[PDB]
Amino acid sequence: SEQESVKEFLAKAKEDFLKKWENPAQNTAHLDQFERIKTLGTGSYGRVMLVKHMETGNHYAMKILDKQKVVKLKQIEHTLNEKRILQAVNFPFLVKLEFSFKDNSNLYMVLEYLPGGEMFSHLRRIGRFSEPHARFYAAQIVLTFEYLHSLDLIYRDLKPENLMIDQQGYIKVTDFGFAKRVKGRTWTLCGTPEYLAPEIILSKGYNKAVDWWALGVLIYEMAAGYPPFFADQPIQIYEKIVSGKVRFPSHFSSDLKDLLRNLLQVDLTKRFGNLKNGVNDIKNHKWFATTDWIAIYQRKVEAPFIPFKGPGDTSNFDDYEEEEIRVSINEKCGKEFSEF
């Protein structure tokens, strides 16, 4: 039985997760063991750099967070939570945390490196994805959310900017900066404006159904090349989202439109993923009729795109200014990050 196999798989995954969640791993490397290659991304907290593990020659994406900046930006809980989730999860489409450590100034998370880069870059380059291309990525997200939701984790920041592509053309969910492990409802205003479910905008209690709404936004943006609700400023985007109105490009198939009407559903008692049959309402939808869910999970499906090569191995990535990694002689924010 396929259904009893799903139940047994998830029961084992929860047992594995809870063991790691209760006793997280800490201090599994040191900065002196890595060579910096290039900055891949910069933000408020700090940055992500491509690095080489000197002992093996393996490459990784190292997230560097300045402890003082994290404290100033009120991100202590978010930082500790992101690391705690990353070390406890295990799914083929979730980025692996290889090592983590801290020094006087910084927190370090050494992650699996995804050389295919952002889905965002490819989507804006190509304009839009064909429906089979969009469907392949959408199927990965469905399975990822079925896994995360089973562990009572709400993701809350789905967007092309967050979805990396690996060597096999498969996507990888990477950023857990807003994910929360909660059973009932939650109230925080977080996420990205275009991707917010109306109940988030309206300050109502919300649950895992917000991720199914964000999936609708993602599918739409992938298939259209632009999101369903956009405007000059976030407040104007919120107005469109809460309106209860959506328009589709003429090239969208009838099946795609029907799936999107069920995901981009204001009414929580009607939203797909949130009904009695849960995720099976999405998995069994006509738009996914050609999807072999087990073959996607087993990574047996040939990806629609497998990532012009210029000088070096980072030639297709944007150029960030290479800034120093300063390690103060004084320990900063020791008590705040003792669990890291």
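We number the residues from 1 along the sequence you see.
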{"property": "Gap size, residue 44 back to residue 43 (deposited sequence, no coordinates)", "result": "none"}
{"property": "Mean temperature factor over C-alpha atoms, higher-scoring stretch between 191-199 and 248-256", "result": "248-256"}
{"property": "64-72 versus 271-279 - which carries the larger mean C-alpha B factor in the record", "result": "271-279"}
{"property": "Of the residues 80, 182, 123, 223, the one carrying the largest Cα B-factor as recorded", "result": "182"}
{"property": "Residue with maximal Cα B-factor (values as given in the PDB entry) among 100, 162, 140, 243", "result": "243"}
{"property": "Assigned third (lowest, middle, highest) for the C-alpha B factor of residue 166", "result": "middle"}
{"property": "Among modelled residues of the same chain, the CA temperature factor third for residue 286", "result": "middle"}
{"property": "Residue 216 - which third its CA temperature factor falls in, relative to the rest of the chain", "result": "lowest"}
{"property": "Ranked against its chain, the third holding the CA B-factor of residue 58", "result": "lowest"}
{"property": "CA B-factor placement of residue 236, once the chain's modelled residues are sorted into thirds", "result": "highest"}
